[PDB]
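Raw contents of input.cif, mmCIF, C-alpha atoms:
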data_upload
loop_
_atom_site.group_PDB
_atom_site.id
_atom_site.type_symbol
_atom_site.label_atom_id
_atom_site.label_comp_id
_atom_site.auth_asym_id
_atom_site.auth_seq_id
_atom_site.Cartn_x
_atom_site.Cartn_y
_atom_site.Cartn_z
ATOM 1 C CA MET Y 1 5.425 -5.239 -13.812
ATOM 2 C CA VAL Y 2 1.918 -3.760 -13.366
ATOM 3 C CA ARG Y 3 0.690 -3.481 -9.748
ATOM 4 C CA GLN Y 4 -2.120 -1.320 -11.195
ATOM 5 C CA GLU Y 5 -4.620 -3.802 -9.651
ATOM 6 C CA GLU Y 6 -3.284 -4.564 -6.145
ATOM 7 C CA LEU Y 7 -2.225 -0.885 -6.077
ATOM 8 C CA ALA Y 8 -5.857 0.302 -6.261
ATOM 9 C CA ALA Y 9 -6.587 -2.040 -3.323
ATOM 10 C CA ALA Y 10 -3.926 -0.424 -1.093
ATOM 11 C CA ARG Y 11 -5.333 3.078 -1.697
ATOM 12 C CA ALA Y 12 -8.729 1.810 -0.495
ATOM 13 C CA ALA Y 13 -7.178 0.789 2.846
ATOM 14 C CA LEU Y 14 -6.093 4.423 3.388
ATOM 15 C CA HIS Y 15 -9.756 5.422 2.917
ATOM 16 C CA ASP Y 16 -11.238 2.813 5.252
ATOM 17 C CA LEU Y 17 -8.622 3.138 8.036
ATOM 18 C CA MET Y 18 -9.035 6.968 8.172
ATOM 19 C CA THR Y 19 -12.806 6.982 7.466
ATOM 20 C CA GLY Y 20 -13.829 4.967 10.558
ATOM 21 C CA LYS Y 21 -13.075 1.211 10.525
ATOM 22 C CA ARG Y 22 -9.836 0.728 12.510
ATOM 23 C CA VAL Y 23 -9.128 -2.758 11.034
ATOM 24 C CA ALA Y 24 -8.386 -3.608 7.366
ATOM 25 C CA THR Y 25 -7.245 -6.901 5.743
ATOM 26 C CA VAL Y 26 -5.324 -7.367 2.445
ATOM 27 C CA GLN Y 27 -4.913 -10.539 0.353
ATOM 28 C CA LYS Y 28 -1.169 -10.794 -0.458
ATOM 29 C CA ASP Y 29 0.530 -14.107 -1.320
ATOM 30 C CA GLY Y 30 -2.376 -16.211 0.043
ATOM 31 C CA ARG Y 31 -1.452 -14.401 3.324
ATOM 32 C CA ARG Y 32 -3.847 -11.973 5.069
ATOM 33 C CA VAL Y 33 -2.277 -9.197 7.230
ATOM 34 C CA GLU Y 34 -3.981 -6.711 9.586
ATOM 35 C CA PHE Y 35 -3.188 -2.980 9.997
ATOM 36 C CA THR Y 36 -4.442 -0.558 12.700
ATOM 37 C CA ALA Y 37 -4.520 3.255 12.645
ATOM 38 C CA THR Y 38 -1.469 2.930 14.943
ATOM 39 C CA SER Y 39 0.678 1.862 11.927
ATOM 40 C CA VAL Y 40 -0.970 4.180 9.358
ATOM 41 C CA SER Y 41 2.655 5.366 8.925
ATOM 42 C CA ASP Y 42 4.418 2.128 7.914
ATOM 43 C CA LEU Y 43 1.565 1.630 5.424
ATOM 44 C CA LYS Y 44 2.218 5.023 3.787
ATOM 45 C CA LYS Y 45 5.689 3.643 2.958
ATOM 46 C CA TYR Y 46 4.361 0.337 1.554
ATOM 47 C CA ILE Y 47 2.450 2.530 -0.931
ATOM 48 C CA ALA Y 48 5.572 4.534 -1.856
ATOM 49 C CA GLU Y 49 7.718 1.405 -2.354
ATOM 50 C CA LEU Y 50 5.179 -0.137 -4.780
ATOM 51 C CA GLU Y 51 5.139 3.055 -6.889
ATOM 52 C CA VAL Y 52 8.932 2.689 -7.331
ATOM 53 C CA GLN Y 53 8.586 -1.024 -8.236
ATOM 54 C CA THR Y 54 5.871 -0.238 -10.828
ATOM 55 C CA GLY Y 55 6.985 3.264 -11.895
ATOM 56 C CA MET Y 56 9.655 3.845 -14.606
ATOM 57 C CA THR Y 57 12.444 5.993 -13.101
ATOM 58 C CA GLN Y 58 15.269 5.902 -10.542
ATOM 59 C CA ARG Y 59 16.531 9.469 -10.005
ATOM 60 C CA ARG Y 60 14.032 9.379 -7.101
ATOM 61 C CA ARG Y 61 13.371 13.069 -7.875
ATOM 62 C CA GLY Y 62 10.851 11.805 -10.455
#
If you convert what's in this file into C-alpha coordinates, what do you get?
Amino acid sequence: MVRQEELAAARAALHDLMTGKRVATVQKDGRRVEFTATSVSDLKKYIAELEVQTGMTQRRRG
(Lines of atoms letter the chains of each structure in order from A and count residues from 1; the text may use other names and numbers.)
(Lines give C-alpha, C1' and ligand atoms only; values in the text may rest on other atoms or scores of the structure.)
Protein backbone atom coordinates (compact mmCIF):
# COMPACT_ATOMS: atom_id res chain seq x y z
CA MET A 1 0.00 0.00 0.00
CA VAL A 2 1.71 3.24 -1.13
CA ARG A 3 -0.65 6.15 -1.94
CA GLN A 4 2.52 8.30 -1.98
CA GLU A 5 1.62 9.30 -5.58
CA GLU A 6 -2.15 9.99 -5.55
CA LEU A 7 -1.55 11.43 -2.05
CA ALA A 8 0.65 14.24 -3.45
CA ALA A 9 -2.18 15.00 -5.90
CA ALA A 10 -4.76 15.49 -3.11
CA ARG A 11 -2.52 17.99 -1.28
CA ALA A 12 -2.35 20.04 -4.50
CA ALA A 13 -6.16 20.36 -4.52
CA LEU A 14 -5.97 22.02 -1.07
CA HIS A 15 -3.58 24.58 -2.61
CA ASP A 16 -5.65 25.32 -5.71
CA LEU A 17 -9.07 25.43 -3.98
CA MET A 18 -7.80 27.91 -1.31
CA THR A 19 -5.47 29.85 -3.66
CA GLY A 20 -8.20 31.06 -6.06
CA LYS A 21 -9.69 28.47 -8.46
CA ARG A 22 -12.98 27.30 -6.90
CA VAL A 23 -13.17 24.09 -9.02
CA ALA A 24 -10.73 21.13 -8.96
CA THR A 25 -10.93 17.69 -10.65
CA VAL A 26 -9.22 14.42 -9.56
CA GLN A 27 -8.66 11.23 -11.60
CA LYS A 28 -9.79 8.33 -9.35
CA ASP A 29 -10.89 4.95 -10.75
CA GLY A 30 -11.34 6.32 -14.31
CA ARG A 31 -13.93 8.57 -12.55
CA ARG A 32 -13.52 12.37 -12.33
CA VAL A 33 -15.17 14.16 -9.34
CA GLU A 34 -15.57 17.90 -8.68
CA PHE A 35 -15.11 19.73 -5.33
CA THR A 36 -16.02 23.36 -4.46
CA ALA A 37 -14.75 25.51 -1.58
CA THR A 38 -18.17 24.72 -0.03
CA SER A 39 -16.99 21.13 0.72
CA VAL A 40 -13.37 22.03 1.62
CA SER A 41 -14.31 20.21 4.87
CA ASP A 42 -15.29 16.75 3.57
CA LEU A 43 -12.06 16.86 1.54
CA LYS A 44 -9.95 17.45 4.66
CA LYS A 45 -11.29 14.08 5.88
CA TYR A 46 -10.54 12.27 2.58
CA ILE A 47 -6.91 13.31 3.21
CA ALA A 48 -6.96 11.99 6.80
CA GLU A 49 -8.51 8.64 5.80
CA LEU A 50 -5.80 8.00 3.16
CA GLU A 51 -3.04 8.65 5.72
CA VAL A 52 -4.53 5.86 7.89
CA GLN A 53 -4.78 3.49 4.88
CA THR A 54 -1.13 4.18 3.92
CA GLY A 55 0.34 4.86 7.39
CA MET A 56 1.54 2.04 9.72
CA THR A 57 -0.32 2.36 13.05
CA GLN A 58 -3.78 1.98 14.61
CA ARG A 59 -3.70 3.50 18.12
CA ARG A 60 -4.99 6.59 16.26
CA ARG A 61 -2.89 8.64 18.72
CA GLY A 62 0.02 8.06 16.32
Do you have the atom CA of residue 52 of chain Y-atom CA of residue 25 of chain Y distance handy?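 Here the two named atoms are 22.9 Å from each other.
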Of the residues Y:2, Y:42, Y:26, Y:13, which is the one nearest to residue 56 of chain Y, using all atoms listed in the file? Y:2
Distance of atom CA of residue 61 of chain Y from atom CA of residue 35 of chain Y, expressed in Å to one decimal place: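 Computed distance, atom CA of residue 35 of chain Y to atom CA of residue 61 of chain Y, equals 29.2 Å.
Distances here use all atoms listed in the file; by that measure, the residue among Y:3, Y:59, Y:11, Y:22 closest to residue 38 of chain Y is Y:22.
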Please measure the separation of atom CA of residue 6 of chain Y and atom CA of residue 41 of chain Y, giving the value in Å to one decimal.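 So the answer is 19.0 Å.
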